[PDB]
Amino acid sequence: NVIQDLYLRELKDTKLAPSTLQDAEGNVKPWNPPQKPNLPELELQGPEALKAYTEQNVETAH
Amino acid sequence: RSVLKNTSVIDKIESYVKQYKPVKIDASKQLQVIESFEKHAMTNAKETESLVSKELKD
């Protein structure tokens with residue numbers, strides 16, 4: 001009765017509400033791509049380090 | 001994606017992930033330094049080995 005009146009009135013008279021995707025964007029985090037896929041740095045090239053190291057530590061066995 | 005009702009940004013980040021699906025490529029850098037190190041190391045290793053082996057029999 002009154003159930004029908006409200007049901008009818010509500011359903012009919014509102015069935016669109018605001019909904020803008022752009023407004024949503026403000027409220028959410030932005031996708032941005034990773035940075036620095038940097039390849040590892042190469043170090044201690046040559047036996048220069050090794051010859052230095054054999055000499056450098058006097059105690060090679062004591 | 002089926003949770004989101006605003007889906008057309010889940011399609012965006014899906015495509016961003018699949019775009020950037022290489023997230024960083026291969027690193028093998030131990031192929032120049034490892035061999036140099038190995039030559040000096042091997043030389044010293046063999047020298048010590050031979051010296052003490054000689055001494056053992058002595």
# chains A, B, ... in the order shown; residues from 1 in each chain; ligands from 1
$ interface_residues --of "chain B" --to "chain A" --cutoff "8 Å" --atoms "only C-alpha atoms" --output "PyMOL selection string"
chain B and resi 6+13+16+20+23-27+29+32-33+36-37+39-41
$ write_last_selection --atoms "N, CA and C atoms" --output "JSON list (two decimals), in the first residue's frame"
[["chain", "number", "residue", "atom", "x", "y", "z"],
["B", 6, "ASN", "N", 34.94, 0.57, -11.74],
["B", 6, "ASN", "CA", 35.49, 1.69, -12.44],
["B", 6, "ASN", "C", 36.50, 1.15, -13.42],
["B", 13, "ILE", "N", 46.26, -0.52, -15.97],
["B", 13, "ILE", "CA", 47.41, -0.98, -15.23],
["B", 13, "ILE", "C", 47.78, -2.38, -15.62],
["B", 16, "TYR", "N", 49.87, -1.68, -18.48],
["B", 16, "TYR", "CA", 51.12, -1.08, -18.04],
["B", 16, "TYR", "C", 52.04, -2.15, -17.52],
["B", 20, "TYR", "N", 55.47, -3.27, -19.42],
["B", 20, "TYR", "CA", 56.70, -3.20, -18.67],
["B", 20, "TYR", "C", 56.99, -4.57, -18.13],
["B", 23, "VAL", "N", 61.07, -6.11, -16.56],
["B", 23, "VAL", "CA", 61.10, -5.19, -15.45],
["B", 23, "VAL", "C", 62.55, -4.86, -15.19],
["B", 24, "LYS", "N", 63.45, -5.56, -15.92],
["B", 24, "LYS", "CA", 64.87, -5.39, -15.93],
["B", 24, "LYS", "C", 65.37, -6.65, -16.56],
["B", 25, "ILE", "N", 66.36, -6.51, -17.47],
["B", 25, "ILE", "CA", 66.92, -7.60, -18.23],
["B", 25, "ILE", "C", 68.20, -8.07, -17.58],
["B", 26, "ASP", "N", 68.63, -9.29, -18.01],
["B", 26, "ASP", "CA", 69.78, -10.08, -17.62],
["B", 26, "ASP", "C", 71.01, -9.34, -17.16],
["B", 27, "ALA", "N", 71.69, -9.90, -16.13],
["B", 27, "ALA", "CA", 72.96, -9.41, -15.67],
["B", 27, "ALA", "C", 73.84, -10.61, -15.50],
["B", 29, "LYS", "N", 77.98, -10.40, -15.31],
["B", 29, "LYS", "CA", 79.08, -9.47, -15.32],
["B", 29, "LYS", "C", 80.27, -10.23, -14.82],
["B", 32, "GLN", "N", 84.20, -11.48, -16.96],
["B", 32, "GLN", "CA", 85.42, -10.78, -17.25],
["B", 32, "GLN", "C", 86.28, -10.73, -16.02],
["B", 33, "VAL", "N", 85.66, -10.60, -14.83],
["B", 33, "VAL", "CA", 86.38, -10.36, -13.60],
["B", 33, "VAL", "C", 86.73, -11.68, -13.00],
["B", 36, "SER", "N", 89.94, -13.31, -14.57],
["B", 36, "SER", "CA", 91.18, -12.63, -14.23],
["B", 36, "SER", "C", 91.65, -13.03, -12.87],
["B", 37, "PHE", "N", 90.66, -13.08, -11.96],
["B", 37, "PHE", "CA", 90.82, -13.47, -10.60],
["B", 37, "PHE", "C", 91.25, -14.91, -10.54],
["B", 39, "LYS", "N", 92.97, -16.64, -12.85],
["B", 39, "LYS", "CA", 94.33, -16.86, -13.27],
["B", 39, "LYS", "C", 95.35, -16.66, -12.17],
["B", 40, "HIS", "N", 95.28, -15.52, -11.45],
["B", 40, "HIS", "CA", 96.17, -15.27, -10.32],
["B", 40, "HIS", "C", 95.99, -16.24, -9.20],
["B", 41, "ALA", "N", 94.72, -16.57, -8.87],
["B", 41, "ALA", "CA", 94.39, -17.51, -7.84],
["B", 41, "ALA", "C", 94.93, -18.88, -8.11]]
$ select_by_dssp --residues "chain A" --states "alpha helix (DSSP H)" --output "list in words"
residues 2, 3, 4, 5, 6, 7, 8, 9, 10, 11, 12, 13, 21, 22, 23, 24, 25, 26, 48, 49, 50, 51, 52, 53, 54, 55 and 56 of chain A
$ write_last_selection --atoms "N, CA, C and O atoms" --output "compact mmCIF listing (two decimals), in the first residue's frame"
# COMPACT_ATOMS: atom_id res chain seq x y z
N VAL A 2 1.32 1.63 1.21
CA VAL A 2 2.29 2.68 1.42
C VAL A 2 3.61 2.18 0.93
O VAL A 2 4.41 2.93 0.39
N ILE A 3 3.81 0.84 1.03
CA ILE A 3 4.98 0.12 0.60
C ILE A 3 5.09 0.32 -0.88
O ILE A 3 6.11 0.78 -1.37
N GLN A 4 3.96 0.12 -1.59
CA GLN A 4 3.89 0.28 -3.01
C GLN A 4 4.14 1.71 -3.37
O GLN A 4 4.87 1.97 -4.31
N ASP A 5 3.56 2.68 -2.61
CA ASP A 5 3.67 4.09 -2.92
C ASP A 5 5.10 4.52 -2.88
O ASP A 5 5.60 5.05 -3.86
N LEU A 6 5.84 4.15 -1.80
CA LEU A 6 7.22 4.51 -1.65
C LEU A 6 8.05 3.86 -2.71
O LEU A 6 8.85 4.53 -3.35
N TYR A 7 7.78 2.55 -2.96
CA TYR A 7 8.54 1.67 -3.82
C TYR A 7 8.53 2.26 -5.19
O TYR A 7 9.58 2.58 -5.74
N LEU A 8 7.31 2.66 -5.62
CA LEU A 8 6.99 3.16 -6.92
C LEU A 8 7.73 4.45 -7.06
O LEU A 8 8.54 4.61 -7.97
N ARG A 9 7.57 5.34 -6.04
CA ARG A 9 7.97 6.72 -6.09
C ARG A 9 9.47 6.76 -6.21
O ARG A 9 9.98 7.31 -7.18
N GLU A 10 10.18 5.98 -5.36
CA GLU A 10 11.63 5.98 -5.27
C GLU A 10 12.20 5.46 -6.55
O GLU A 10 13.00 6.14 -7.18
N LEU A 11 11.67 4.31 -7.03
CA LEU A 11 12.25 3.55 -8.10
C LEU A 11 12.18 4.38 -9.33
O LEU A 11 13.20 4.68 -9.95
N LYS A 12 10.98 4.93 -9.58
CA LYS A 12 10.68 5.69 -10.76
C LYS A 12 11.46 6.97 -10.81
O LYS A 12 11.99 7.35 -11.85
N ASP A 13 11.53 7.69 -9.66
CA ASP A 13 11.91 9.09 -9.67
C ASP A 13 13.39 9.25 -9.55
O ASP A 13 13.92 10.31 -9.88
N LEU A 21 33.99 9.47 -13.36
CA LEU A 21 35.20 8.71 -13.20
C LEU A 21 36.36 9.62 -12.89
O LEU A 21 37.26 9.26 -12.15
N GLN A 22 36.36 10.83 -13.47
CA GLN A 22 37.38 11.83 -13.29
C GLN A 22 37.50 12.25 -11.85
O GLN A 22 38.60 12.39 -11.34
N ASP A 23 36.36 12.42 -11.13
CA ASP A 23 36.36 12.81 -9.73
C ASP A 23 36.98 11.73 -8.86
O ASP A 23 37.67 12.02 -7.89
N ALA A 24 36.78 10.44 -9.25
CA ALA A 24 37.32 9.26 -8.62
C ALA A 24 38.82 9.23 -8.60
O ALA A 24 39.41 8.81 -7.61
N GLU A 25 39.45 9.72 -9.70
CA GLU A 25 40.87 9.72 -9.96
C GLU A 25 41.63 10.46 -8.89
O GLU A 25 42.70 10.03 -8.47
N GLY A 26 41.04 11.58 -8.39
CA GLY A 26 41.60 12.45 -7.39
C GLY A 26 41.82 11.70 -6.11
O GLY A 26 42.78 11.95 -5.39
N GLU A 48 95.08 -7.21 -11.07
CA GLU A 48 95.71 -6.08 -10.43
C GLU A 48 95.38 -6.08 -8.96
O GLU A 48 96.27 -5.92 -8.13
N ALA A 49 94.10 -6.36 -8.63
CA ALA A 49 93.63 -6.44 -7.27
C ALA A 49 94.27 -7.60 -6.57
O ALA A 49 94.77 -7.44 -5.46
N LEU A 50 94.34 -8.79 -7.22
CA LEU A 50 94.89 -10.00 -6.64
C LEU A 50 96.35 -9.95 -6.32
O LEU A 50 96.75 -10.39 -5.25
N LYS A 51 97.17 -9.37 -7.22
CA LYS A 51 98.60 -9.26 -7.04
C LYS A 51 98.85 -8.35 -5.88
O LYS A 51 99.63 -8.66 -4.98
N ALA A 52 98.04 -7.26 -5.81
CA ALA A 52 98.07 -6.28 -4.76
C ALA A 52 97.74 -6.96 -3.46
O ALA A 52 98.45 -6.75 -2.49
N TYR A 53 96.69 -7.82 -3.43
CA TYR A 53 96.20 -8.51 -2.26
C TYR A 53 97.18 -9.53 -1.74
O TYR A 53 97.36 -9.61 -0.52
N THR A 54 97.87 -10.30 -2.62
CA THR A 54 98.83 -11.30 -2.20
C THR A 54 99.96 -10.64 -1.46
O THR A 54 100.32 -11.06 -0.36
N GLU A 55 100.44 -9.51 -2.03
CA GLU A 55 101.48 -8.69 -1.45
C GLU A 55 101.06 -7.97 -0.19
O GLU A 55 101.85 -7.83 0.74
N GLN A 56 99.84 -7.39 -0.19
CA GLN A 56 99.33 -6.46 0.80
C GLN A 56 99.26 -7.04 2.18
O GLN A 56 99.71 -6.40 3.13
